[PDB]
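[1] This one's a deposited entry, sequence included:
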Amino acid sequence: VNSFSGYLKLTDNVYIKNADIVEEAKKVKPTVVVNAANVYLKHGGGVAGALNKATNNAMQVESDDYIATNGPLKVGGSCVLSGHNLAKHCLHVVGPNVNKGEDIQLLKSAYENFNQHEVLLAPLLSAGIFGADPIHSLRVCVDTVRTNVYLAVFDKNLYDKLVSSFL
Ligand SMILES: OC[C@]12C[C@H](CN1c1ncnc3[nH]ccc13)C2
């Protein structure tokens, strides 16, 4: 039993809700919140911009030190950093950004990072400003993640479409 509330159950381990991931994280304070990161951990917009703003830019400060030490992530890769005031940990995961021409096949690799964590609050990878089809992202999530994932979909209209079209 966990403290996630109001989610629709899609499969044995995947759950979904129309919610702002920032507000969800502040309420639940989950062990792991997933950020929709880029390889440079530059948290400018989308989910990443929103999470970073909620940390008063502490996420960006920590991220800049991480990059200075380790260099960029790989597309499809991840790193674990602090969750600051939002969660215990933030798993920064890089899905392919279609608006940059990156290979959508890497979306499965991106979701595989979730399997290293028993429970996660997460967005749909590569959706929104990353330019992929969110229905596809949800399908890859369900077919790749085996741990317990709580998906927050900010757009209510998109949420209804994802539920109604879910196979
Ligand atoms: O998960 C659906 C997605 C579409 C991309 C961005 N949307 C979000 N989902 C949850 N909290 C969010 N905050 C800002 C955007 C946002 C991922």
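    Yes, it's here. Numbers count the residues shown, from 1 in each chain.

[2] Tell me which residues are up against whichever strand or helix holds residue 138.
    Residue 138 belongs to helix 134-144 when assigned by DSSP states H and E. Helix 134-144 is contacted from outside by 10-11, 14, 16, 95, 104, 107-108, 111-112, 114-115, 124-128, 149, 151, 153, 158, 161-162, 165-167, using Cβ atoms under 8 Å, 6 or more residues apart in numbering. Every residue, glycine included, has its C-beta placed from N, CA and C.

[3] Just checking the distance from that helix to the centre of its chain.
    12 Å (Cα atoms, centre = their mean, to the nearest Å).

[4] which ones among the contacts of helix 134-144 are found in helices?
    Within those, membership in helices is found for 107, 108, 111, 112, 158, 161, 162, as judged by DSSP state H.

[5] Tell me if I'm right that the third one and residue 125 touch.
    Yes. Counting by Cβ atoms under 8 Å, a contact exists between residue 111 and residue 125, whose distance comes to 6.2 Å.

[6] who touches both of those two?
    Contacts common to residue 111 and residue 125, judged by Cβ under 8 Å, 6+ apart, are 93, 140, 141.

[7] Tell me the span between the first and last residue of stretch 61-80.
    Using Cα to Cα, to the nearest Å, the end-to-end distance of stretch 61-80 comes to 15 Å.

[8] list the buried ones in that stretch?
    Of the residues in stretch 61-80, those buried by neighbour count under the rule 16 or more other Cβ atoms under 10 Å are 62, 63, 66, 73, 75, 76, 77, 78, 79.

[9] Most neighbours among the ones in helices among the contacts of helix 134-144, which one?
    The most neighbours of any of the ones in helices among the contacts of helix 134-144, using other Cβ atoms under 10 Å, belong to residue 107, which has 27 neighbours.

[10] Now for that residue: which residues touch it?
    Taking Cβ under 8 Å, 6+ apart, we find residue 107 in contact with 76, 95, 96, 125, 126, 132, 136, 137, 140.

[11] buried subset of these?
    Looking at those with 16+ other Cβ under 10 Å, the buried ones turn out to be 76, 95, 96, 125, 126, 132, 137, 140.

[12] my read: the third one touches residue 76, true?
    Translated: residue 96. Yes. Counting by Cβ under 8 Å, residue 96 does reach residue 76; the two are 7.4 Å apart.

[13] shared neighbours of these two, which are they?
    Counting by Cβ under 8 Å, 6+ apart, the contacts common to residue 96 and residue 76 are 106, 107, 110.

[14] Closest one of these to residue 49?
    Using Cβ to Cβ, residue 110 is the member of the shared contacts of residue 96 and residue 76 that lies nearest residue 49, at 18.7 Å.
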